[PDB]
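S.K.: Have a look at this one before I ask anything.
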Protein chains: 2
Amino acid sequence: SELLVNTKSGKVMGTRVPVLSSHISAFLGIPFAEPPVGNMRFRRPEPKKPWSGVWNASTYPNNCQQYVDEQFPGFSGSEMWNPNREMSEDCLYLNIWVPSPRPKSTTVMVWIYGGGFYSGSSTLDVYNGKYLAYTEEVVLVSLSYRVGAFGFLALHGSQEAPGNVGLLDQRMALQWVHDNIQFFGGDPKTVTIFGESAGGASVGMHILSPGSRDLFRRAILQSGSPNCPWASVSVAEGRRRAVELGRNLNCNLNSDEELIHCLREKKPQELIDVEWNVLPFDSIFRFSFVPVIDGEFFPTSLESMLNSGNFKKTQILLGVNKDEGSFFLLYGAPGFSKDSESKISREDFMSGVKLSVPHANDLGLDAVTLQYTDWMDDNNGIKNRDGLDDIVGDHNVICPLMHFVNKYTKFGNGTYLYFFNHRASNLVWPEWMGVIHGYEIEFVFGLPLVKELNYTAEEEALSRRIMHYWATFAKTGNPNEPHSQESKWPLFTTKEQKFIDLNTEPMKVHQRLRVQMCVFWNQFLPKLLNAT
Amino acid sequence: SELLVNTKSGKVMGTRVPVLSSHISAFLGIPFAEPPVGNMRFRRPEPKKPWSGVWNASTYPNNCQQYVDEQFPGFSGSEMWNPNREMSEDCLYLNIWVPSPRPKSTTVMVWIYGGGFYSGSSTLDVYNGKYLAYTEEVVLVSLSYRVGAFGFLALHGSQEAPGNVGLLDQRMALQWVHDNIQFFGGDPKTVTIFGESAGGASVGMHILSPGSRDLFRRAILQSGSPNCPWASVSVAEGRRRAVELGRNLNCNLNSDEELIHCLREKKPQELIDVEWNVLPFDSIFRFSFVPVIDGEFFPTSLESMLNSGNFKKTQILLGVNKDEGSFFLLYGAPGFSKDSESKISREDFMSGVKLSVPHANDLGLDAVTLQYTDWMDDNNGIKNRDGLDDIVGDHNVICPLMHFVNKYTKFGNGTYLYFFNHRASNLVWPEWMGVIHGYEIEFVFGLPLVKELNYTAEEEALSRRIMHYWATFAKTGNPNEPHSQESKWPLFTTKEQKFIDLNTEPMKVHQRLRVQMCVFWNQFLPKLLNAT
């Protein structure tokens with residue numbers, strides 16, 4: 001039977017699903033690691049012991065234990081991201097979408113969801129790989145990993161909570177796709193991993209980490225990269241937050257065993273209730289428990305790794321959204337409202353800069369404000385709002401990614417950069433937000449193709465274009481069709497630095513994506529803060 | 001006789017001169033102080049003892065002993081500034097241009113020439129007050145003062161070379177215009193002093209100095225102000241350069257008397273031959289001997305004086321030229337040539353920034369370069385040239401003047417700002433220089449009116465407009481005609497900050513003259529250098 005597959009871990013019974021008035025196979029909820037519950041909390045994942053009989057993989061699995069957003073109850077805008085399944089500490093499962101008929105050895109794509117390393121589920125509606133699998137004819141895999149404290153608590157030096165266990169989770173899933181995707185019709189020697197936000201950062205982290213390099217062929221990073229100021233911390237800070245977390249739940253802090261044991265006896269929702277209290281600064285776009293440069297998963301510092309060419313040299317396709325920042329200002333910077341034009345005053349603009357660059361001294365706060373203020377119109381509410389919006393995006397997503405792409409391209413075998421600047425027609429968020437963080441995803445998974453979702457004809461045209469770029473890239477290492485008559489997406493090169501816009505308009509190539517600011521954030525500000 | 005005048009210092013015989021096919025009186029070379037020669041060198045000026053008989057004042061006087069430019073022998077472009085008379089240590093004389101018939105009590109205008117405090121003469125062709133005196137019907141006075149070491153050597157604490165004796169010279173001349181201009185038809189209670197470059201800085205200095213305030217009514221400052229980074233030094237630096245100067249001429253440096261005496265025995269051209277060796281840094285737009293904040297001429301620091309409102313509150317009319325910098329890059333920054341488009345490379349651009357901001361550490365040099373580089377076109381020869389050109393002007397003339405005007409206007413009784421952005425049609429310097437430093441002067445003195453000088457009809461129209469603004473301002477404290485139908489030159493106010501362009505086009509009012517950069521140079525860079 002087409003729905004029965006025999007993996008090295010046991011047999012699995014998938015289910016047939018409808019898509020665009022046709023059908024494909026779907027094996028949902030396949031396990032890849034032993035349940036990380038009980039004494040296994042904070043501990044590295046262990047391979048799932050084989051099983052007898054047929055594993056029923058026809059329904060989604062549970063979602064990892066996480067923080068849930070309730071800033072806008074009912075609002076589909078924010079809930080389409082909350083977990084749609086029962087949260088449980090038993091979350092390590094993966095989902096496979098296979099074409100019909102089953103391929104012999106087709107291309108594989110592994111999606112690592114994002115969420116600031118503190119949330120995220122594979123089961124979300126927006127991450128439904130059937131449209132993509134079907135339209136491009138590729139095996140679509142969707143893995144999950146532990147987030148928040150459960151996956152990133154780090155007491156370096158111990159084996160009870162080494163840290164990065166959440167990244168190991170992802171690696172585990174990739175190991176399984178490597179040892180078994182062949183039985184689903186996929187070619188293990190051609191797996192493309194791709195992610196968004198924290199997922200884009202994770203993808204970049206497997207490219208740097210020696211122990212993950214051999215497990216994939218290409219990569220696609222979206223709106224995120226390993227060297228983002230929010231994507232990692234030092235063992236020292238990781239330790240500081242580990243303790244503080246414990247201090248909030250009143251735990252014995254005499255030794256790590258002392259602490260770790262107390263944390264394992266707590267209910268999942270208790271660590272989550274105090275999780276946000278451990279941040280060092282009043283900030284925006286910063287998360288509690290994240291990956292830590294431990295010396296294991298990451299040999300040395302990330303910067304020196306990028307400078308020494310110590311990383312998987314392959315091809316990569318990456319890009320950013322026009323308005324990455326807006327989403328965080330809404331939730332945290334004073335002055336922004338989901339229901340107003342949110343024009344920001346001088347007072348609020350500056351409180352904004354203080355919240356955005358939390359580690360900068362007073363001299364730096366001035367350097368940032370000077371670089372982002374049109375003194376010929378300093379009290380223009382719309383200008384201060386878009387400027388604040390820009391600071392958040394440039395510092396957190398756009399300028400850190402350009403540093404990566406430029407360092408990478410110097411040792412890589414092909415780079416393709418994009419700039420998604422199209423706001424969907426059916427967005428429910430205000431206009432002042434614009435091309436919001438994460439909304440390029442719906443085009444990658446092709447939700448525009450399903451009529452009932454209400455997308456313009458040109459938008460659906462854009463979705464197919466993008467799916468064909470991603471899919472063609474995953475297969476060939478080049479987003480372009482061999483002998484096509486369509487516009488060629490130029491290659492990014494240290495010299496030229498070309499890139500393209502991605503919207504419903506005639507492809508336009510450009511150069512040096514936001515260099516003016518990328519120099520301020522990657523060269524000057526770092527230097528300024530060091531000398532002062 | 002109309003040409004014979006009886007001053008309180010003695011009688012003087014002037015001469016009748018032709019102007020625009022008519023005639024006016026001219027009393028050239030009237031003395032106002034005792035010859036500062038011999039043991040009087042470096043010493044404060046002393047009032048000129050009265051004289052019997054008639055002083056012959058029909059020919060120009062001598063020019064102060066100064067450094068002469070020979071970077072372009074023959075070139076009228078640079079020689080129209082060199083001294084046109086016999087240089088002599090006996091230089092303190094003033095020139096008066098009186099209308100005909102002699103007025104009873106008309107308006108007076110005293111011009112203080114510029115020259116970086118190291119050169120300058122009243123006798124230059126460009127400073128011929130007959131055209132102005134005649135066209136506007138005002139008594140035009142032109143004084144002179146000692147420059148270079150001869151007028152600014154400063155060994156604070158001694159009476160042999162207190163410092164600022166050059167500014168005292170100017171004050172002396174103003175005292176004489178105050179005690180005698182009435183006998184030439186001028187009204188002593190309505191004297192406007194106006195200057196250019198170092199003259200604009202001197203004008204501003206009499207506004208701050210308690211001992212000069214009572215000697216004039218209004219002021220006009222052009223392309224220069226008291227708080228310019230080149231217009232003054234501390235007693236400490238003044239002392240350091242005094243000694244070094246002595247060290248270059250091999251003088252006994254055991255005591256001030258030791259030093260001062262050795263310097264008085266040297267020929268004038270010997271101090272001048274080594275004058276430039278005493279600068280602390282390799283620089284551009286910096287001069288050896290200049291005014292020093294001594295605690296006498298200037299009660300306290302200039303910044304605190306401007307902040308406390310400690311200065312003559314009156315009306316002032318000031319402005320800058322579009323391209324103040326170019327003149328100094330030509331002579332000192334590597335890459336510029338009087339005979340080429342002078343496109344500048346990255347290497348030379350940066351050597352440029354190092355020469356322009358001599359006191360900045362490596363962090364500041366980066367801050368300046370980042371603020372002035374279009375990273376989307378960093379190797380554009382014309383862009384780096386105009387950027388370097390801009391840095392020199394903004395830092396030295398334009399941004400320091402805007403700091404003054406903004407601090408002044410807060411306690412003044414009327415401010416009028418202009419922006420001269422018209423390049424004369426008959427200029428002999430290359431185009432890349434543009435609206436060059438000091439060339440707005442020819443319009444103030446009306447050289448466009450004399451046909452044979454080859455100026456366009458519209459240029460002459462501009463000269464008359466400007467002469468009428470300056471003259472009307474000198475008389476009324478407002479550049480505008482009471483009930484005129486012409487375009488009104490708006491008043492500068494802390495709130496609006498309006499200003500006008502001054503060229504052959506329909507008057508256009510603007511706001512916040514170069515605020516983007518004026519904030520970098522007046523607020524951020526100062527602060528940056530302090531913390532680092």
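Residues in the structure tokens are named by chain (A, B, ... in the order shown) and by number from 1 within that chain; ligands are numbered from 1 in the order shown.
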Set the cut-off to 12 Å and count only C-alpha atoms: what are the residues of chain B that reach chain A? Output as a VMD selection string.

M.R.: chain B and resid 361 to 378 496 to 497 510 to 521 523 to 532

S.K.: Using backbone DSSP assignments, extract all helix (DSSP H, G or I) residues from stretch 69-295 of chain A; output them as number ranges by chain.

M.R.: A: 76-79, 125-127, 130-136, 149-152, 165-184, 198-208, 213-215, 235-248, 256-264, 268-278

S.K.: Give me the residues near stretch 320-333 of chain B as a list in words, where near means some atom within 7 Å (using only C-alpha atoms) and where sequence neighbours in that chain fewer than 2 positions away do not count.

M.R.: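 Close residues of stretch 320-333 of chain B: residues 222, 223, 284, 285, 335, 336, 337, 338, 352, 389, 390, 392, 393, 397, 398, 418, 419, 420, 421, 433, 434, 435, 436 and 437 of chain B.
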
S.K.: Calculate how many Å separate atom CA of residue B:136 from atom CA of residue B:30, rounding to one decimal.

M.R.: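 Separation between atom CA of residue B:136 and atom CA of residue B:30: 23.0 Å.
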
S.K.: Could you list, as a PyMOL selection string, every residue within 8 Å of residue B:239, counting only C-alpha atoms and ignoring same-chain residues fewer than 4 positions away?

M.R.: chain B and resi 154-156+235+243

S.K.: Let me see the file: selected residues, N, CA, C and O atoms, as an mmCIF file, in the first residue's frame.

M.R.:
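Ended up saving to selection.cif:
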data_model
loop_
_atom_site.group_PDB
_atom_site.id
_atom_site.type_symbol
_atom_site.label_atom_id
_atom_site.label_comp_id
_atom_site.auth_asym_id
_atom_site.auth_seq_id
_atom_site.Cartn_x
_atom_site.Cartn_y
_atom_site.Cartn_z
ATOM 1 N N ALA B 154 51.388 84.886 22.165
ATOM 2 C CA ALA B 154 50.851 85.018 23.505
ATOM 3 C C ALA B 154 51.564 84.277 24.627
ATOM 4 O O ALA B 154 51.509 83.050 24.704
ATOM 5 N N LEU B 155 52.229 85.040 25.495
ATOM 6 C CA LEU B 155 52.914 84.501 26.669
ATOM 7 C C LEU B 155 52.111 85.041 27.846
ATOM 8 O O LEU B 155 52.526 86.006 28.491
ATOM 9 N N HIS B 156 50.952 84.434 28.111
ATOM 10 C CA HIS B 156 50.078 84.888 29.193
ATOM 11 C C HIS B 156 50.845 85.122 30.469
ATOM 12 O O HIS B 156 51.763 84.368 30.782
ATOM 13 N N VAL B 235 45.611 79.586 26.535
ATOM 14 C CA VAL B 235 46.852 80.225 26.911
ATOM 15 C C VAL B 235 47.959 79.201 26.849
ATOM 16 O O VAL B 235 49.077 79.505 26.436
ATOM 17 N N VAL B 243 56.930 79.542 22.509
ATOM 18 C CA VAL B 243 58.216 78.923 22.794
ATOM 19 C C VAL B 243 58.818 78.236 21.574
ATOM 20 O O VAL B 243 59.976 78.469 21.230
#

S.K.: Mind giving me the straight-line distance from atom CA of residue B:115 to atom CA of residue B:197 in Å, one decimal?

M.R.: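 Between these atoms lies a distance of 6.6 Å.
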
S.K.: Please provide as a PyMOL selection string all residues within 12 Å of residue B:177, with the sequence filter that same-chain residues fewer than 4 positions apart are discarded (counting only C-alpha atoms).

M.R.: chain B and resi 7-9+30-32+93-96+107-111+139-143+170-173+181-193+215-216

S.K.: Write a file of the just-selected residues containing N, CA, C and O atoms, as a short mmCIF file (atom, residue, chain, number, x, y, z; two decimals), in the first residue's frame.

M.R.:
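Output below, filename out.cif:
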data_model
loop_
_atom_site.label_atom_id
_atom_site.label_comp_id
_atom_site.auth_asym_id
_atom_site.auth_seq_id
_atom_site.Cartn_x
_atom_site.Cartn_y
_atom_site.Cartn_z
N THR B 7 40.44 116.57 12.85
CA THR B 7 40.13 115.57 13.85
C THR B 7 40.74 115.96 15.17
O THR B 7 41.51 116.91 15.25
N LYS B 8 40.41 115.19 16.20
CA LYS B 8 40.94 115.43 17.53
C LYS B 8 42.42 115.04 17.61
O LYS B 8 43.10 115.36 18.58
N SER B 9 42.94 114.36 16.58
CA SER B 9 44.34 113.96 16.56
C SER B 9 45.17 114.90 15.69
O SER B 9 46.41 114.79 15.65
N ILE B 30 45.22 107.35 7.42
CA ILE B 30 45.18 108.14 8.65
C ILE B 30 45.70 107.24 9.78
O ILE B 30 45.27 106.09 9.89
N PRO B 31 46.64 107.73 10.61
CA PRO B 31 47.15 106.89 11.70
C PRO B 31 46.25 106.88 12.93
O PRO B 31 45.62 107.89 13.23
N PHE B 32 46.17 105.74 13.63
CA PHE B 32 45.34 105.65 14.84
C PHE B 32 46.08 105.10 16.06
O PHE B 32 45.54 105.00 17.15
N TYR B 93 47.12 101.99 10.28
CA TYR B 93 46.46 103.15 9.69
C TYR B 93 45.04 102.77 9.26
O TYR B 93 44.74 101.59 9.10
N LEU B 94 44.17 103.75 9.07
CA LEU B 94 42.82 103.46 8.62
C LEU B 94 42.43 104.34 7.42
O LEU B 94 43.01 105.40 7.21
N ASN B 95 41.47 103.88 6.64
CA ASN B 95 41.02 104.58 5.44
C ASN B 95 39.56 104.99 5.51
O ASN B 95 38.69 104.19 5.86
N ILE B 96 39.27 106.24 5.13
CA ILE B 96 37.90 106.74 5.16
C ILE B 96 37.42 107.20 3.78
O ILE B 96 38.10 107.97 3.11
N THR B 107 25.25 107.38 8.03
CA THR B 107 25.62 106.09 8.61
C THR B 107 27.06 105.64 8.33
O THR B 107 27.56 105.80 7.22
N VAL B 108 27.70 105.05 9.34
CA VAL B 108 29.08 104.59 9.24
C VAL B 108 29.21 103.07 9.17
O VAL B 108 28.46 102.35 9.82
N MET B 109 30.16 102.59 8.38
CA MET B 109 30.42 101.16 8.24
C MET B 109 31.91 100.89 8.33
O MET B 109 32.67 101.38 7.50
N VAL B 110 32.32 100.12 9.33
CA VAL B 110 33.73 99.80 9.51
C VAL B 110 34.02 98.37 9.06
O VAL B 110 33.46 97.43 9.58
N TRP B 111 34.91 98.22 8.09
CA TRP B 111 35.26 96.91 7.55
C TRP B 111 36.55 96.35 8.12
O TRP B 111 37.60 97.01 8.07
N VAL B 139 29.47 106.59 5.07
CA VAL B 139 30.89 106.80 5.30
C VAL B 139 31.46 105.40 5.47
O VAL B 139 31.02 104.65 6.34
N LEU B 140 32.42 105.03 4.63
CA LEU B 140 33.03 103.71 4.68
C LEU B 140 34.43 103.79 5.30
O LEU B 140 35.31 104.47 4.78
N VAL B 141 34.62 103.12 6.43
CA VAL B 141 35.92 103.12 7.08
C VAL B 141 36.54 101.75 6.92
O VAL B 141 35.86 100.73 6.98
N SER B 142 37.85 101.73 6.72
CA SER B 142 38.57 100.49 6.56
C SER B 142 39.79 100.56 7.46
O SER B 142 40.69 101.37 7.23
N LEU B 143 39.83 99.72 8.49
CA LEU B 143 40.96 99.73 9.41
C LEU B 143 41.92 98.58 9.12
O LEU B 143 41.64 97.73 8.28
N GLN B 170 42.42 96.59 16.45
CA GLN B 170 41.11 96.81 15.85
C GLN B 170 40.26 97.68 16.75
O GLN B 170 39.56 98.58 16.27
N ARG B 171 40.31 97.41 18.05
CA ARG B 171 39.52 98.18 19.00
C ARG B 171 39.94 99.63 19.01
O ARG B 171 39.11 100.52 19.15
N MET B 172 41.24 99.84 18.85
CA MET B 172 41.80 101.18 18.82
C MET B 172 41.19 101.93 17.66
O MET B 172 40.71 103.05 17.81
N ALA B 173 41.23 101.31 16.49
CA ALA B 173 40.68 101.91 15.30
C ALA B 173 39.20 102.24 15.53
O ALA B 173 38.73 103.29 15.12
N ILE B 181 34.77 110.17 13.76
CA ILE B 181 34.02 110.04 12.52
C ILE B 181 32.98 111.15 12.34
O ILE B 181 32.52 111.39 11.22
N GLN B 182 32.63 111.84 13.41
CA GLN B 182 31.64 112.89 13.31
C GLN B 182 32.18 114.03 12.47
O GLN B 182 31.42 114.74 11.82
N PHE B 183 33.50 114.21 12.46
CA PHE B 183 34.11 115.29 11.69
C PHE B 183 34.22 114.98 10.21
O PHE B 183 34.67 115.81 9.42
N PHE B 184 33.82 113.77 9.83
CA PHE B 184 33.87 113.36 8.44
C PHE B 184 32.45 113.24 7.92
O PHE B 184 32.23 112.78 6.80
N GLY B 185 31.49 113.64 8.74
CA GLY B 185 30.10 113.56 8.34
C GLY B 185 29.36 112.34 8.88
O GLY B 185 28.14 112.22 8.73
N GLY B 186 30.10 111.44 9.53
CA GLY B 186 29.49 110.24 10.06
C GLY B 186 28.87 110.37 11.44
O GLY B 186 29.27 111.21 12.25
N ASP B 187 27.87 109.53 11.70
CA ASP B 187 27.18 109.51 12.98
C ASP B 187 27.78 108.39 13.84
O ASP B 187 27.58 107.20 13.56
N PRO B 188 28.54 108.75 14.88
CA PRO B 188 29.17 107.78 15.76
C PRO B 188 28.21 106.83 16.48
O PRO B 188 28.60 105.74 16.89
N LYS B 189 26.95 107.24 16.65
CA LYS B 189 25.97 106.40 17.33
C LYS B 189 25.29 105.42 16.36
O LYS B 189 24.24 104.85 16.67
N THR B 190 25.89 105.23 15.19
CA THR B 190 25.33 104.30 14.22
C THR B 190 26.41 103.76 13.31
O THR B 190 26.44 103.97 12.10
N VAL B 191 27.34 103.05 13.93
CA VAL B 191 28.43 102.44 13.20
C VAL B 191 28.23 100.94 13.18
O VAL B 191 27.99 100.32 14.21
N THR B 192 28.31 100.38 11.98
CA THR B 192 28.14 98.95 11.77
C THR B 192 29.51 98.37 11.45
O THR B 192 30.16 98.83 10.51
N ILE B 193 29.98 97.39 12.20
CA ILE B 193 31.25 96.80 11.84
C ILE B 193 30.90 95.51 11.09
O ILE B 193 29.92 94.85 11.43
N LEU B 215 31.44 100.29 21.58
CA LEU B 215 31.94 101.01 20.42
C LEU B 215 31.30 100.87 19.06
O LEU B 215 31.83 101.39 18.08
N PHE B 216 30.17 100.17 18.96
CA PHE B 216 29.49 100.03 17.69
C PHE B 216 28.03 99.73 17.94
O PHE B 216 27.66 99.37 19.05
#

S.K.: Quick one: residues within 10 Å of stretch 249-261 of chain B, only C-alpha atoms, excluding same-chain residues fewer than 6 positions away - as an NGL selection string?

M.R.: :B and (39 or 41-42 or 153 or 155-158 or 160-161 or 239 or 242-243 or 270-271 or 273-274)

S.K.: Which value, in Å to one decimal, gives the distance between atom CA of residue A:394 and atom CA of residue A:149?

M.R.: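 Taking atom CA of residue A:394 and atom CA of residue A:149, their separation equals 27.5 Å.
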
S.K.: Give the strand (DSSP E or B) residues of stretch 142-243 of chain B, as DSSP finds them on the backbone, and put them as a list in words.

M.R.: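 Checking each residue of stretch 142-243 of chain B, the strand (DSSP E or B) ones are residues 142, 186, 187, 188, 189, 190, 191, 192, 193, 194, 195, 196, 218, 219, 220, 221, 222, 233 and 234 of chain B.
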